[PDB]
Each structure stands twice: as structure tokens, then as C-alpha cells.
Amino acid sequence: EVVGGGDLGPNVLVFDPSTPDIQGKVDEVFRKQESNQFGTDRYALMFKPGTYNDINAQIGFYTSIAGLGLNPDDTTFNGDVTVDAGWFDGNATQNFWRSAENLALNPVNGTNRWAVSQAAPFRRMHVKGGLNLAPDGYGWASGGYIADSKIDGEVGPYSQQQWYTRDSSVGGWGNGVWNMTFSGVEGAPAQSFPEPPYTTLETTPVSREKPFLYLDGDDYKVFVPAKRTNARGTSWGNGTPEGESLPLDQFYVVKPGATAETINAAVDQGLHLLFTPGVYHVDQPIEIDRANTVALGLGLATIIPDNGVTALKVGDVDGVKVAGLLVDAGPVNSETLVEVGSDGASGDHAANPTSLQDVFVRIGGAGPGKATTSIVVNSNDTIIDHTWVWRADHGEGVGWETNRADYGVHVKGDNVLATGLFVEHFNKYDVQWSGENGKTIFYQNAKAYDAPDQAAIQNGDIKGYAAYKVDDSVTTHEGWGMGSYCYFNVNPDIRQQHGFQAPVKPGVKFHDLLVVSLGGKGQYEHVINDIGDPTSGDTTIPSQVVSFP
């Protein structure tokens, strides 16, 4: 039998305000992680409730930072949680895989800088000042995700291409570049697409905040927020948040050495899962087939499936909460990397859905990796709240065949909701949606850069594969604030027929679509189906469609 609870290990650094040389300790981690884009090192920085002076916590690759109070203002920095782009000469477009949660910031010059691109969530934060999302110098940046946060002053994206904010409060919002989408944000700018490109929804249809580690006195627990319907503003602004607390001893604390056999045994025996920061090779799928299981990763905990197996399979049960995990493909092709529900699953989970939150997938980049379909969502009512599903475009083990990955996300279940959907560079369809009444709020895609020629992406009678395809048989679907970009740098004579493909039906609707050619490297012929202007020139001007059909 598996023993629950226990020590969190050497990769969880726990601070309190009396800890000697905090600034030195977080600086040493940053120096190691700053340019460590593909290394296997992992860190979670955890701060006990209290007030911390004279701190500038710079956050590098694979570093999470968080407070351990029940509320964000319980753990306050007089100081900053900083991401900048110094290591990449002011270019922030590779600032991936890091996170900040459950802290209050009093930034030293009045504005906190969080200049990130994909897979860098900012959750349950209170910024007592402004929030600058751009690197110093206003260089390139491609984020981003803010949820359940309160920014007292102005959020300034400046150069940020696009952004998603949900269930939050902002004192102001400075500008929009290609696609700034908001749902349930108090203080959001009014709907105005295309100028500025603001897509604004009064509420989020359903959301359930990500579970997180905290301290109840001296005891570690995991808070599990209750879901909200038609959510707006923060969950924590008005007193004790709704939800339940799980004692650490009800978790199997996963550390280096654990096997999928032991992990699966823990779940069968009734334990939840806490993945401590590290890299976990498994030789069989991790299986979660118990209702309400929490599977929570710290410090960008990473699962690698060996032998071509699937990394994670969730059964046909209510309430599973998967959060804060990177799934990294192995060199042997996996048919699937993540499965939510069985094939053909038709039960409903409306009152208590399964969710994936801050679940990131990588294929290649840290060595060759391959997978046919990365995430398959079978279970009805599933919530996908911030995912980055990424076929690597740079790094080691990358190439049109070397890290081939045909399909990113396939949604087969009904009433599935995706909020903050980022999917890039797959050889065929990045996202396919076959289930009914699906909803996507915010989509960011970039197409494969390394397609060798036109013939390599021929899709029957269509040039290229849509970034986002709704199956012809679908009756109801709706999407808001969605963009697909191309950069066919291997062969810039390539044409991509469209970013989006869907049947023309009254129940299948899109709002605020765009496609963009990055510097004239390839062009789009249309935005969706054969509708919308082609892109033209080398000046990276979006082609837009406000309403479809």
C-alpha cells in the first residue's frame, strides 16, 4: 500500500520572511534557469504567509513561484516577480514554462513586469500597481494568460501580440495588437474588434479555479475551488472562497523514482497525486479512474511516456482535476499523449466536470519526440482552461519528419469548453472539433514553419490543414477571439488556404477571427473556408473576419 503525505523534496524551496539571504537564493536559481530552455532542472519557489521586503524574484525556465496563504494578500512582496528577456536580447518569444500564483505584489517602481510568451500562467495574483507584459525595449512577445487576478492599476501589453484574461479585475487596459480577449473581466475594455482588437465577454460560461498548495497553520493542504457558472471578477475578492481543503497526507507525493505502477496504485487506493518538481519517465499510462481525483504538478513537473505509450488517461468519471503538468513526447511515437475519457464515452459530467488546467504538451525540442494526436478529449462537459500544445519549432530533435506530430487537440465530447487555447505547428490539423456544442474562448495558433513544399501539406482539394477545424457533421459550435499565424520559412512560396474550417450552419458561429503572415513567409488565401481576404505584402497585417457565418 502507498503512504500519503511526506516531504516535498529538494526541488521545492520553502521560504519564510526570516529565511537568510532570500534574494541570493532566488537569484542563484534564476542564474541556473534563465537560459535553460530545454534542461531537465525543475523548481518550485513557495513563500509562507507574511511580508517580504527588498525582493526582486526573477523567474527563469521551469520555475514556479507561489504564496502559501489561503488568500493572495496573505503573502505580500514589497518588490517584484519579474520576467524579462535579457537572455534573448530583448526578444520575449521564447519565455516559456513558468508560473506565478497566490501572491500580492507591491512593485518597487509601481509596475510589475511579466514579459512572457506561452505556458506562463499568472493566477490568483494581486498587483498593487500596474502590470507591464512587455520586455524592456518593447521587443517581440507572444503570451499570455491571466486568471482570477486583481490588477489595481493598468495592464500594459505594448508589443504583446495577443492575450487572454478571465475572471479578473483590472484598473485599466492599455492597448491591443492582434487579439486581446476577455471573459468575466471587471474593467475590461468594451467589445470593439477589430479596432482595437478587443473581444469582450461579460462572463465566462463556466470556470473552476486551479487547485493550489497552501498552509493551514503549519499543515500543508491543497485548496480545491468550487466551480462558478457565468463567472465574473475574482473568486477571492469577497471573503472566504467556496471549495474544499485536502490534507497533504491524502496525496501521494510523487518524487524521482516513482513508477506508473505505484502512481496508479496510489489512485486506486484513494490517494490524490502531487507531482514534485522533476522529470518522470513512465512505461505505462498514468491512469486516473476515480472521481474527484486531484493530480497537481509543482515546478513544471514533467511526464515523459517511454515505449510509445500514452502518458495520462482519465476515466469516465466526474471531477478529475489535472493541473500544472508538462507532457513531453518521447522519441518513440505515441498514438496519443493525453486522453480524457474513453472512446465513445456518452455519460454527462455537468455538475462536476473533469478539467485540464496549465497542462502543456511538447513534441520535440529537448531531443526528438513524436506523437500522432496529443490531446484527445472524449468526456462530455470537460473544461480545458489554459493549455499549450506545441510541436517544437526550434531546439534539438526537430524536423518535418524528425518531430512529426500530425494532430494537436481532438475534441470528441459534447459541451466541452476551452478557455485560453494555444496550439502550434502540427503537420496536419492543430485542433479538430467533432463533438457538439463546443465553445472556445481565445485561440492562438501558428502553423508548421518547416513544411518543405506545397505538396507536403495538401489536404485533399484544400491547400494546407486548418489550424481549427469543426467537422461538417457538427450542428452547434461557437468560438471567440481566434488567430492563426504562418511563417513558412523553409518554403515561403507556400500557400495556406485558411486558418479555420467549418460547416455553414446557423448553430456554428465564430466571432473575431484573424490570420496573419509573419513577414511574408507564406500567405493565407482566406481566413475561414474560402471567406475573408488573403494576407498580402511582407508587413504582417492581419486579415480579419468579424462574424461567421
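For every residue, the number given is its place in the sequence shown, counted from 1. Throughout, rigid core stands for the largest set of C-alpha atoms superposing within 1.5 Å between the two forms.
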item: Which of 146-154 and 238-246 strays further in 7 other deposited structures of this protein - Cα RMS after rigid core alignment; value: 238-246
item: Segment of higher mean CA temperature factor, 165-173 or 234-242; value: 234-242
item: Between the two ranges 443-451 and 211-219, the one averaging a larger CA B factor in the entry; value: 211-219
item: Criterion, highest CA B-factor; candidates, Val515, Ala502, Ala44, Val26; value: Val26
item: Of the residues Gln523, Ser484, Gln33, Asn53, the one carrying the largest Cα B-factor as recorded; value: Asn53
item: For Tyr145, the third of its chain into which the C-alpha B factor falls; value: lowest
item: Chain-relative CA temperature factor third for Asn489; value: highest
item: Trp388 CA temperature factor, ranked by third within the chain; value: lowest
item: For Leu68, the third of its chain into which the C-alpha B factor falls; value: middle
item: Among modelled residues of the same chain, the CA temperature factor third for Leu271; value: lowest
